[PDB]
Protein chains: 2
Amino acid sequence: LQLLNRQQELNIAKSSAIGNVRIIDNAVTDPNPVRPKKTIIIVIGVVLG
Amino acid sequence: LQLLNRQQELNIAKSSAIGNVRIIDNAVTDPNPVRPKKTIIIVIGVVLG
């Protein structure tokens, strides 16, 4: 019986072990590309010339 | 997805430790604009000239 009592206790603890990490904002994509950074490339090209 | 969103929303309320909330001052707008700052622009223009 004592094993059975522990059997219930382990099951409820396993079922109740939920948390410690939480998702707030789902992944979304910024439509404006981050590379290539056009203007800085053009400025570097001109200055190098 | 909406139900998944609503499910996720209510979970965050569960772990919110903050006591509740209190609003001291509701939002009000300063009638004097913060931009553009006229005098500094004028001074920079003159000095640049």
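- Structure determination for this entry is recorded as cryo-EM, at 2.71 Å resolution.

## Some thoughts on the interface of chain A and chain B
Interfaces are often sized by the accessible area lost when the parts come together.
Okay, so step 1: Listed as interface residues are 4 residues of chain A and, on the opposing side, 6 residues of chain B.
Okay, so step 2: In this assembly, chain A packs against chain B so that about 380 Å² is buried in total across both faces, 36% of it on carbon and sulfur atoms.
Okay, so step 3: Contact with chain B buries surface across chain A, with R22, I23 and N26 of chain A losing the most and accounting together for 89% of the total.
Okay, so step 4: Between the two partners, chain A and chain B, sit 0 salt bridges.
Okay, so step 5: Split into classes, the residues belonging to the side of chain A that touches chain B amount to 2 nonpolar, 1 polar and 1 charged.

## Regarding the pattern of salt bridges
Residues and elements named next belong to chain A.
Okay, so step 1: Tallied over the entire structure, the rule returns 1 salt bridge over all chains.
Okay, so step 2: In this structure, the salt-bridge partner of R6 is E9, at a minimum N-O distance of 3.8 Å. With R6 and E9 both in helix α1 (residues 2–16) and 3 residues apart, this pair spans about one turn of that helix.
Okay, so step 3: Residue class for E9 comes out partly exposed when judged on its relative accessible area of 46%.

## Description of the environment of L3 of chain B
Okay, so step 1: Mapped onto the elements of the fold, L3 of chain B is located in helix α1 (residues 2–15).
Okay, so step 2: Look at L3 of chain B and you get exposed, because its relative accessible area is 66%.

## With respect to a nonpolar patch on the surface
Okay, so step 1: Together, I40, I41, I42, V43, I44, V46 and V47 of chain B give the surface a local cluster of nonpolar side chains, amounting to about 700 Å² of exposed area.
Okay, so step 2: Note that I44 of chain B resides in helix α2 (residues 38–48).

## Re unusual backbone geometry
For residues that are not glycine, phi is negative in most cases, and the peptide bond is trans in most cases.
Residues and elements named next belong to chain A.
Okay, so step 1: With omega at 0°, the peptide bond leading from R35 into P36 counts as cis.
Okay, so step 2: Among the secondary structure elements, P36 is positioned in the loop between α1 and α2 (38–48).
Okay, so step 3: Located in the positive-phi region is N20, a residue other than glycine, with phi close to 80°.
Okay, so step 4: Assignment of secondary structure puts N20 in the loop between α1 and α2.
Okay, so step 5: With relative accessibility at 80%, the residue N20 sits in the exposed group.

## Focus on the environment of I40 of chain B
All names here are of chain B.
Okay, so step 1: By secondary structure assignment, the location of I40 is in helix α2.
Okay, so step 2: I40 sits in the partly exposed class, given a relative accessible area of 40%.
Okay, so step 3: Residues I40 and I18, spaced 22 residues apart in sequence, show a C-alpha to C-alpha distance of 43 Å.

The rules behind each value
Residues numbered from 1 in each chain as written, not as in the entry; some residues may be left out. Chains lettered and ligands numbered in written order. Part of a larger assembly, values for the part shown. Heavy atoms only, no water. Contact = heavy atoms within 4.5 Å. Buried area = accessible area lost by both parts, 1.4 Å probe. Salt bridge = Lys/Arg side-chain N within 4 Å of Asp/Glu carboxyl O. Nonpolar A, V, L, I, M, F, W, Y, C, P; charged D, E, K, R; others polar. Helix = DSSP H or I, 4+ residues; strand = E, 2+ residues; numbered from the N terminus. Buried < 20%, exposed > 50% of the residue type's maximum accessible area, 1.4 Å probe, protein only. Patch = residues over 30% accessible without salt bridge, like charges linked within 9 Å, V, L, I, M, F, W, Y side chains within 5 Å. Areas by Shrake-Rupley, 256 points an atom, 1.4 Å probe, with all protein chains shown as cover.

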